[PDB]
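Novice: The listed protein sequences derive, respectively, from chains A, B, C and D. Residue numbering for the first sequence is 4 to 225, as defined by my numbering. Residue numbering for the second sequence is 4 to 225, as defined by my numbering. Residue numbering for the third sequence is 4 to 225, as defined by my numbering. Residue numbering for the fourth sequence is 4 to 225, as defined by my numbering. Yeah, the Cβ is synthetic: ideal placement off N, Cα and C, and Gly gets one too.
4 protein chains.
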Amino acid sequence: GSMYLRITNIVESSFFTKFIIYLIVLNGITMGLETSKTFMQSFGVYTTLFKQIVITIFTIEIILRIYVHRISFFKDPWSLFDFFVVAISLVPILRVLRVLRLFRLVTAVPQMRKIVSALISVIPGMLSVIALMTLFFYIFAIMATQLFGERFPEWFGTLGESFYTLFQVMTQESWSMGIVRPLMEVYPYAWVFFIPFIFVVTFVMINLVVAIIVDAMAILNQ
Amino acid sequence: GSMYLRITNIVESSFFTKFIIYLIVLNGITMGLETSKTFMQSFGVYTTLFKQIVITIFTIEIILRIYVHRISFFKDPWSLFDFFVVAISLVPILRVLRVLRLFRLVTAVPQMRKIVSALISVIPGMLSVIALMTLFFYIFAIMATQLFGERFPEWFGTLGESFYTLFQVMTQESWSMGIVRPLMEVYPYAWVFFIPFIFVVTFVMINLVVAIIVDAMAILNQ
Amino acid sequence: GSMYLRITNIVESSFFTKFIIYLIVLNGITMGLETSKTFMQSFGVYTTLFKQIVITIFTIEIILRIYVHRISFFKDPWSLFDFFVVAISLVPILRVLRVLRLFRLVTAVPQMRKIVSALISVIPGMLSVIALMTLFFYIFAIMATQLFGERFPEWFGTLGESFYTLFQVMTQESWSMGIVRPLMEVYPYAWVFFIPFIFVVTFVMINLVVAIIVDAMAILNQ
Amino acid sequence: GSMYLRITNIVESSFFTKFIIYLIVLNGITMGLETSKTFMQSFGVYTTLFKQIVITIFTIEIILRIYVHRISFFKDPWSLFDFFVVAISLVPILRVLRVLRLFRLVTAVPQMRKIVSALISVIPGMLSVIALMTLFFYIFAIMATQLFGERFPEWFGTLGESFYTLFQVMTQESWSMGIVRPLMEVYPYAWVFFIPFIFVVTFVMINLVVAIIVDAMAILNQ
Ligand SMILES: CCCCCCCCCCCCCC(=O)OC[C@H](COP(=O)(O)OCC[N+](C)(C)C)OC(=O)CCCCCCCCCCCCC
Ligand SMILES: CCCCCCCCCCCCCC(=O)OC[C@H](COP(=O)(O)OCC[N+](C)(C)C)OC(=O)CCCCCCCCCCCCC
Ligand SMILES: CCCCCCCCCCCCCC(=O)OC[C@H](COP(=O)(O)OCC[N+](C)(C)C)OC(=O)CCCCCCCCCCCCC
Ligand SMILES: CCCCCCCCCCCCCC(=O)OC[C@H](COP(=O)(O)OCC[N+](C)(C)C)OC(=O)CCCCCCCCCCCCC
Ligand SMILES: CCCCCCCCCCCCCC(=O)OC[C@H](COP(=O)(O)OCC[N+](C)(C)C)OC(=O)CCCCCCCCCCCCC
Ligand SMILES: CCCCCCCCCCCCCC(=O)OC[C@H](COP(=O)(O)OCC[N+](C)(C)C)OC(=O)CCCCCCCCCCCCC
Ligand SMILES: CCCCCCCCCCCCCC(=O)OC[C@H](COP(=O)(O)OCC[N+](C)(C)C)OC(=O)CCCCCCCCCCCCC
Ligand SMILES: CCCCCCCCCCCCCC(=O)OC[C@H](COP(=O)(O)OCC[N+](C)(C)C)OC(=O)CCCCCCCCCCCCC
Ligand SMILES: CCCCCCCCCCCCCC(=O)OC[C@H](COP(=O)(O)OCC[N+](C)(C)C)OC(=O)CCCCCCCCCCCCC
Ligand SMILES: CCCCCCCCCCCCCC(=O)OC[C@H](COP(=O)(O)OCC[N+](C)(C)C)OC(=O)CCCCCCCCCCCCC
Ligand code: NA
Ligand code: NA
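The following block contains the structure:
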């Protein structure tokens, strides 16, 4: 177009994205201030007005970005994320989910965008080890629920409660004073279940970490 | 044979192993559903029937696999594991040990098989460090049992209880509020035993991890 | 100058810096002894006299060092640190902040100076990951304060209290028995907030550590 | 000598060191059995006799080893350790220190000897970082003792008690529920002291570990 060139030369301009970055920061501090009961009584209307007069800017700039790249928008992870976080912020739990638009700042800022996509690119390698661990949790979740579910309903009564207690034991939070030692007052051989479980879960996780270290180092040694 | 070629051309076919994989998954979800008291009252007979009509399939397919490879079966770690997990599932604790046949899914799936055998191949290097640690635990288990066994019978009364408390201190779970600090109310110099113990156990474990990192990296730098 | 050469040939002499090192050590042991109520009653005056007759030496040697390097002093991180730790020790919380002049010993000793500046040079790389984590804490601090702030005021009532509880959960100290499990007595789905939070925070920190390992190894592989 | 060749050809023979290894193992199991009150009542005399008839063998074989290498013995770390652990076991706390002669098995066994000396060779590099950490603990031990020593005498009353509580906070055992959170009921800004302390102590330790990883990898990349 005649003006289509102008609008794609503003949408891809530095100052338009710098402006929506200042708005993300201002909204983030606004969102931060909205936890204060005293501030909300004193200036609640300026902030809620502000929150409206900023959600409108964000929605119009989503409209513009969609126009300049009609289908390129809906195949791009970052702009897709923007689409969804402005969608959440537009409906009349959702209240809390609205804060996620502050990750909008990870999208705009390129250095942050680089770090995030680096972290994502790590994941494909871990898929194989995660699958063994999820299967491993599934198997020991079922064993623990059938062994301790009656006498210890709060911790091992349900499969979900046993995926919870086992995750806590793997994080090694009160694994012994909190869970195993109380269990051994009724069932005196519970260590056979947990100390092996601990050992396996640690080993795998260690290897997971070492795996991440050689997949990173390969591109350097070449 | 005439049909022996047919049976070895089905046993090594893709679809026969895909079929026993679907059966492992169906049995795994069945086993998962058997923790629900409500589901077991409503559909317990369909599932127990299912569990029988699947343990039979698994046993016949073990029979077939043994026939096609008569001695190759009993020298192969994965099929040996299958032999034993279908054996456990065939006897009239065992109830819980039956769930282990879900690791049958690690055997069938090749990508999982790769990850598991990678994890195994790590272990030979750790044998030397594990032996020093097991000897180290043995020595400090005996010291702790003789020092605190009377006044603190629940934690250090027996060698096994002291291999337990020392493992908890090495995992650093309530090492200080839970065990050392109570001990210092009777025996005020217990830190000499534990803080050195902590230090040694951490150092060795750190080296263990670093060891795993150079044994992995060697095949890349070549 | 005529004597300016003499004073710059003492200020940069080995024995002048060896002397102020002995004074740092003597003051450090003095500072160590000043916690003892009994020693302070018995020899408090010798030590406070000593503390004065040493703060004067340190101040004159700051004066000398400033003279020999007039502007080189105020552009040098180590001597700048000396300026500020002798300033703190000169005013008529400050009492406790005075102990920081024992890090004066890191400045004088060159091997220590090397280690410290190595540790500093690591930091620039972590700036990108720290910024994502600080933003991530900010977002989940706000979510946690709005979700649990009323029913759990002590832990999540304020943004600062939620940056505190979330840091404790990331350190994995009583994350489950101490915070999540009590929360699930009122709000039974709190794991959705924390177990994801845990996962993200661990992953990032792991990568942070792996990052530090490849930035160190690069100068070796070249 | 005429027989001196014979005795140095037995002392350095495989079977003499294999024999004292069997004696270390037999004594280790004996020492293990001596925790059992029931076994000591039933067979206490056979074991104490055994313990004497083995401490004598060990002492004569120390005598022989000293003779074959008169001064080479007292300049060799492993045999020096043997000298001292047979000395401890010869005097008429010492009772518990006697168990250390089971590390005699690390000395005899060469693969174990290799692992141990590898672990030792790591340490020289950590000396610089350990010195910064020990100075760092000293400084924050003094700060914590002067800030919280009166209101919290059990944890921070003495410098030793503050080197204890700070070590526990660095191990991250009940750092927050156990120590900081109780402190903030009297002194509401204690996080300024501990969360910075935590951060520094973690960072340094991380670098310590990364250091160990590049000092190991250097001999491989060459
Ligand atoms: C990225 C990280 C940057 C740094 C983040 C800084 C976070 C600091 C938060 C700590 C503030 C809370 C401390 C405090 O005491 O403030 C009180 C209020 C809540 O208490 P309040 O509601 O005032 O008490 C009511 C009493 N009543 C019921 C009897 C009437 O609580 C507040 O006033 C909250 C104050 C809002 C702080 C917002 C700071 C935003 C930093 C900029 C980050 C932008 C990133 C895009
Ligand atoms: C930390 C704050 C998070 C905030 C919420 C985020 C929500 C999603 C936002 C997505 C924005 C980032 C997307 C992204 O960076 O993708 C790029 C990555 C890395 O690229 P990379 O792998 O380097 O590309 C090389 C491959 N090539 C050349 C053939 C194209 O390419 C890949 O994706 C590799 C494939 C692995 C994908 C695994 C992703 C899912 C893990 C977490 C799922 C959470 C669900 C709730
Ligand atoms: C590829 C990207 C990376 C993703 C990797 C993470 C995989 C996530 C695993 C979770 C999959 C299974 C989820 C699940 O089973 O949820 C069950 C429970 C819910 O408890 P629930 O029974 O609903 O409580 C209700 C109480 N009631 C009925 C009395 C009112 O909720 C829980 O307990 C979940 C606790 C977390 C357990 C994590 C277990 C496997 C993690 C493997 C980690 C891999 C790296 C090592
Ligand atoms: C590999 C990991 C994949 C993802 C795993 C998903 C795990 C999800 C488990 C969480 C389900 C439990 C939550 C829940 O509230 O369910 C209730 C039942 C047990 O309570 P219920 O017996 O219904 O209560 C009785 C009350 N009474 C005594 C008064 C009559 O508990 C149940 O109903 C259990 C529901 C069965 C879930 C099975 C999911 C299998 C996922 C597929 C994995 C296949 C791997 C090969
Ligand atoms: C090569 C493949 C890797 C394998 C490495 C793992 C080595 C496993 C070490 C276990 C060896 C010794 C086993 C043992 O001594 O068992 C004793 C206790 C049993 O307690 P017990 O006294 O039966 O309780 C009965 C209570 N009663 C009589 C009043 C009714 O049970 C326990 O306390 C065991 C607790 C675990 C302690 C682990 C100690 C050494 C681990 C070294 C780890 C190496 C990597 C760092
Ligand atoms: C770099 C690290 C080097 C090694 C650091 C060594 C730290 C050792 C500290 C442990 C000392 C405390 C143990 C102890 O029981 O001493 C008691 C005094 C405090 O109790 P006290 O005030 O005597 O009790 C009064 C009783 N009342 C109220 C009824 C009259 O507490 C004291 O007497 C404190 C003793 C001062 C020890 C100063 C050691 C400095 C080591 C040199 C480091 C120089 C680095 C530049
Ligand atoms: C580039 C060099 C490295 C630096 C990296 C570290 C970044 C430090 C993050 C701290 C920034 C935000 C500070 C902040 O928000 O302070 C709030 C609270 C204070 O609590 P407050 O509400 O004042 O308590 C008063 C109680 N009252 C009113 C009732 C009397 O105090 C806290 O809760 C702070 C707790 C620490 C939280 C740390 C959170 C982000 C850390 C990211 C770590 C990066 C590496 C993974
Ligand atoms: C290197 C690691 C190898 C594997 C280490 C194996 C450790 C196993 C230790 C667990 C044994 C303790 C379990 C148990 O219930 O035994 C009971 C006794 C102590 O109770 P007891 O004194 O029998 O009870 C008296 C009751 N009363 C007062 C009313 C009369 O406690 C005992 O009977 C202790 C049994 C001695 C076990 C010695 C095993 C040595 C393994 C070989 C290692 C050699 C390395 C050089
Ligand atoms: C784990 C069970 C322990 C049981 C108690 C042990 C008590 C002491 C037993 C001593 C036996 C081992 C002695 C030893 O292996 O020394 C050899 C190490 C490693 O040799 P390496 O550095 O490879 O030699 C190369 C240097 N070269 C070619 C120029 C000679 O050469 C070095 O020593 C390097 C120098 C660093 C020494 C740091 C040692 C002290 C750390 C722990 C102190 C604890 C005191 C209670
Ligand atoms: C080169 C080979 C590696 C060696 C590195 C390890 C360095 C060891 C540091 C210990 C140096 C200072 C020792 C010290 O100050 O001892 C004080 C306390 C003793 O408490 P105390 O006051 O005697 O309790 C008596 C109670 N009473 C009077 C009421 C009856 O005892 C404690 O609290 C000690 C707790 C351990 C603290 C460790 C602090 C610095 C560790 C730096 C670690 C470096 C790697 C990161
Ligand atoms: Na804990
Ligand atoms: Na912990």
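1. My assumption, with CB atoms under 8 Å, is that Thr-110 of chain C sits in contact with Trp-81 of chain C. Please give the rounded CB distance.
2. Could you work out which residue in B:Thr-137, B:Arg-9, B:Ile-24, B:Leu-52 is closest to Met-115 of chain D when comparing CA atoms only?
3. Can you tell me whether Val-207 of chain C sits near ligand 1, meaning its C-beta is under 6 Å from at least one heavy atom of the ligand?
4. What does the Cβ neighbour count give for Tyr-25 of chain D, buried or exposed, with the cut at 16 atoms within 10 Å?
5. Quick one: list the residues of chain D neighbouring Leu-108 of chain C, beta-carbon separation under 9 Å, in chain order.
6. So, with DSSP's three-state summary, where would you put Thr-38 of chain D?
7. Count the CB pairs spanning the region 67-86 of chain A and the region 159-174 of chain C that are closer than 8 Å, and state whether there are at least three.
8. Along chain B, which residues have their Cβ under 9 Å away from the Cβ of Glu-176 of chain D?
9. In whole angstroms, what separates the C-alpha of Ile-13 of chain C from that of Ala-221 of chain D?
10. Anyone know if the C-beta pair for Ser-177 of chain A and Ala-144 of chain A falls short of 7 Å?
11. Taking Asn-224 of chain B as the query, report the chain A residues whose CB atoms sit under 7 Å from its CB, ordered along the chain.
12. Does DSSP put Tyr-141 of chain D in a helix, a strand or coil?
13. Measuring CB atoms only, is the region 181-192 of chain A touching the region 206-218 of chain C, in the sense that at least three cross pairs come out at less than 8 Å?
14. Tell me where the alpha helix (DSSP H) around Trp-178 of chain C begins and ends.
15. Inspect the beta-carbon positions of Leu-135 of chain A and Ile-27 of chain A and report whether they are closer than 7 Å.
16. Where does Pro-156 of chain D fall in DSSP's three states?
17. Should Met-136 of chain B be counted as a contact of ligand 5 given a C-beta to heavy atom distance under 6 Å?
18. If you reduce the DSSP assignment to three classes, tell me which class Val-94 of chain D lands in.
19. Does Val-217 of chain A come within less than 7 Å of chain B when only Cβ atoms are used?
20. With a threshold of 6 Å, establish whether the CB of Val-28 of chain A neighbours any heavy atom of ligand 1.
21. Just to confirm before moving on: does the CB-CB distance between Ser-124 of chain B and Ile-118 of chain D stay below 7 Å?
22. Should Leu-29 of chain C be labelled buried (16 or more other beta-carbon atoms within 10 Å of its own) or exposed?
23. With DSSP run on the structure shown, which of helix, strand or coil describes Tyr-49 of chain C?
24. Can you tell me whether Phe-200 of chain C sits near ligand 7, meaning its C-beta is under 6 Å from at least one heavy atom of the ligand?
25. With distances taken from CA atoms, which of B:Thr-51, B:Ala-219, B:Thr-20 is nearest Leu-122 of chain B?
26. For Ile-32 of chain A and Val-99 of chain A, what's the separation of their Cα atoms in angstroms?
27. When you compare the CB of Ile-27 of chain D with every CB in chain B, is at least one pair closer than 7 Å?
28. In chain D, what lies closer than 8 Å to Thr-38 of chain C by C-beta?
29. Within its chain, find whatever has a CB closer than 6 Å to the CB of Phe-200 of chain B; leave out the 5 residues flanking it on each side and keep chain order.
30. I want to see whether chain D comes within less than 7 Å of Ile-24 of chain B, judged by CB atoms only; does it?
31. Beta carbon of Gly-163 of chain B: closer than 6 Å to some heavy atom of ligand 5?
32. Indicate whether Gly-152 of chain A and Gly-163 of chain A have their beta-carbon atoms separated by less than 7 Å.
33. Just how far apart, CA to CA, sit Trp-194 of chain D and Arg-154 of chain D?
34. For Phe-196 of chain C, count neighbouring Cβ atoms within 10 angstroms of its own Cβ and tell me buried if that reaches 16, exposed if not.
35. Applying the criterion that 16 or more other CB atoms from any shown protein chain within 10 Å of the CB defines a buried residue, is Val-112 of chain A buried or exposed?
36. Beta-carbon separation of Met-34 of chain B and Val-94 of chain B under 7 Å?
Specialist: Taking the structure as given:
1. 5 Å
2. B:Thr-137
3. No, the Cβ of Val-207 of chain C stays beyond 6 Å of every heavy atom of ligand 1.
4. exposed
5. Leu-138
6. coil
7. no
8. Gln-175, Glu-176, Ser-177, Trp-178, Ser-179, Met-180, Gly-181
9. 41 Å
10. no
11. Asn-224
12. helix
13. Judged by pairs of C-beta atoms under 8 Å, the region 181-192 of chain A does not touch the region 206-218 of chain C, as fewer than three such pairs exist.
14. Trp-178 of chain C -> no alpha helix (DSSP H), and no H or E assigned at all.
15. no
16. helix
17. yes
18. coil
19. yes
20. yes
21. no
22. exposed
23. helix
24. no
25. B:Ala-219
26. Distance from the CA atom of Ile-32 of chain A to the CA atom of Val-99 of chain A, rounded to whole angstroms, is 15 Å.
27. no
28. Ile-145, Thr-148, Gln-149, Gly-152, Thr-161, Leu-162
29. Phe-143
30. no
31. yes
32. no
33. Taking the straight line from one Cα to the other gives about 16 Å.
34. buried
35. buried
36. No, the Cβ-Cβ distance between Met-34 of chain B and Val-94 of chain B is not below 7 Å.
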